[PDB]
Amino acid sequence: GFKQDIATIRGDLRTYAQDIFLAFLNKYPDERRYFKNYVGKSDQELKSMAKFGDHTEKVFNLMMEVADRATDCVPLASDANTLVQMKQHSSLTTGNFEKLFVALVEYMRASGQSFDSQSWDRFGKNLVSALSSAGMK
Ligand code: HEM
Ligand SMILES: Oc1ccc(Cl)cc1Cl
């Protein structure tokens, strides 16, 4: 279920984080504009860049913390507020977050694996509502 999925992802965080983030940029290539140092770089060039692995791992570490603190895939308002008030997220809208979660669920459905992809879709929908409520356009 969702709790096991958090354990699965955490066990190999850097690989899942890189694979899901690339799946996101591949599905929505205009989103790469927010990551100016990743434009025009192949996947293997990205993996040679320290900050690509560091910043993907830390994004997914936080995502897993927010997922773990949720009740029945409903995140804490405090965690939504953290994501809205981050300087790095100042120009984002809830649509950016929805795209990441559409890509994450598509990755889980395409994987070998028994992810609870309905729960990740729900968690994403609930996190979008919490982000709006915390003031994200
Ligand atoms: C639940 C979803 C997300 C979480 C948990 C999250 C978390 C984070 C974290 C922890 C950082 C700082 C990483 C570090 O300094 O090492 C970060 C930076 C950033 N995030 Fe997010 N983020 C999320 C979604 C998004 C989305 C949807 C976008 C844009 C489409 C975005 C754009 C960025 C950008 C541009 C940075 C700074 C890039 C950099 O300096 O490397 N994030 N995010
Ligand atoms: O390194 C990252 C991976 C995913 C997302 Cl959404 C943002 C950042 Cl900075």
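### Observations concerning the overall build of the chain
Turning to step 1, where the next piece is worked out: Helices and strands together make up the secondary structure of the chain, namely 7 helices and 0 strands.
Turning to step 2, where the next piece is worked out: Secondary structure elements of the chain occur, N-terminal to C-terminal, as α-α-α-α-α-α-α.
Turning to step 3, where the next piece is worked out: The globule rule puts the C-alpha radius of gyration for 137 residues at 14 Å, and the 14 Å found for the chain is close to it.
Turning to step 4, where the next piece is worked out: If one aligns the C-alpha atoms of the chain with their principal axes, the spans along those axes are about 40 × 35 × 20 Å.
Turning to step 5, where the next piece is worked out: Across the 137 residues in the chain, those meeting the buried criterion constitute 41%.
Turning to step 6, where the next piece is worked out: Considering only contacts within the chain whose residues lie at least 6 apart along the sequence, 74% involve residues at least 24 apart.
Turning to step 7, where the next piece is worked out: Accessible surface, the chain: about 7600 Å² in total, of which carbon and sulfur atoms supply 49%.
Turning to step 8, where the next piece is worked out: One way to put it: in the chain the 18 positive side-chain charges average out to a point 6 Å from where the 17 negative ones average out.

### As for the UniProt feature "binding site: heme b 6" (unreviewed entry) in the chain
Turning to step 1, where the next piece is worked out: The positions that UniProt labels "binding site: heme b 6" (unreviewed entry) are, in the present scheme, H89.
Turning to step 2, where the next piece is worked out: Note that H89 resides in the loop between helix 5 (77–85) and helix 6 (94–110).
Turning to step 3, where the next piece is worked out: Here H89 is in contact with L83, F97 and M136, once residues within four sequence places are set aside.
Turning to step 4, where the next piece is worked out: Within the structure, the side chain of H89 is placed 2.8 Å from the backbone oxygen of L83, a separation counted as a polar contact.

### Here we look at the UniProt feature "binding site: heme b 10" (unreviewed entry) in the chain
Turning to step 1, where the next piece is worked out: The sites that UniProt annotates as "binding site: heme b 10" (unreviewed entry) are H55 and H89. In sequence the annotated residues extend across 35 residues, while in space they remain close, none of their C-alpha pairs exceeding 13.6 Å.
Turning to step 2, where the next piece is worked out: Mapped onto the secondary structure, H55 falls in helix 4 (residues 50–69).
Turning to step 3, where the next piece is worked out: Accessibility expressed as a relative area gives 16% for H89, which makes it buried.

### Concerning the site of ligand 1
Turning to step 1, where the next piece is worked out: Around ligand 1, 19 residues are found, and the nearest of them are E31, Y34, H55, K58 and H89.
Turning to step 2, where the next piece is worked out: The contact in question runs from an oxygen atom of ligand 1 to an N or O atom on the side chain of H55, over 2.8 Å.
Turning to step 3, where the next piece is worked out: With respect to ligand 1, the side chain of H89 contributes an N or O atom lying 3.0 Å from a nitrogen atom.
Turning to step 4, where the next piece is worked out: Among the secondary structure elements, those contributing two or more residues to the shell around ligand 1 are helix 4 and helix 6.

### Concerning the packing of aromatic side chains
Turning to step 1, where the next piece is worked out: Scanning the model with the defined rule gives 12 aromatic pairs in all.
Turning to step 2, where the next piece is worked out: Here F2 and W120 contribute two aromatic rings whose centre-to-centre distance is 4.4 Å and whose plane-to-plane angle is 40°, an arrangement assigned as tilted. Placement of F2 in helix 1 (residues 2–11) and of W120 in helix 7 (residues 117–133) is noted, with a sequence separation of 118 residues between them. By the burial criterion, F2 is buried, and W120 matches it.
Turning to step 3, where the next piece is worked out: Relative to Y38, the ring of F21 lies with its centre 6.1 Å away and its plane at 80°, an arrangement referred to as edge-to-face. Remark: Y38 occurs in the loop between helix 2 (13–27) and helix 3 (43–48) and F21 occurs in helix 2; sequence separation between them is 17 residues.
Turning to step 4, where the next piece is worked out: These aromatic residues form a ring-pair network of at least three members: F21, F24, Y28, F35, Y38 and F52.

Calculation rules
Residues numbered from 1 in each chain as written, not as in the entry; some residues may be left out. Chains lettered and ligands numbered in written order. Heavy atoms only, no water. Helix = DSSP H or I, 4+ residues; strand = E, 2+ residues; numbered from the N terminus. Rg over C-alpha atoms; globule rule 2.2 N^0.38 Å. Buried < 20%, exposed > 50% of the residue type's maximum accessible area, 1.4 Å probe, protein only. Contact = heavy atoms within 4.5 Å. Areas by Shrake-Rupley, 256 points an atom, 1.4 Å probe, with all protein chains shown as cover. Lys, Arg positive; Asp, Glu negative; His and termini not counted. Charge placed at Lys NZ, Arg CZ, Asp CG, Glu CD. UniProt positions renumbered as here; feature names shortened; annotations may be inferred. Polar contact = N/O pair within 3.5 Å; in protein donor to acceptor, adjacent residues only side chain to side chain. Near = heavy atom within 4 Å. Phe/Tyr/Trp six-rings, centres within 6.5 Å; stacked < 30°, edge-to-face > 60°.

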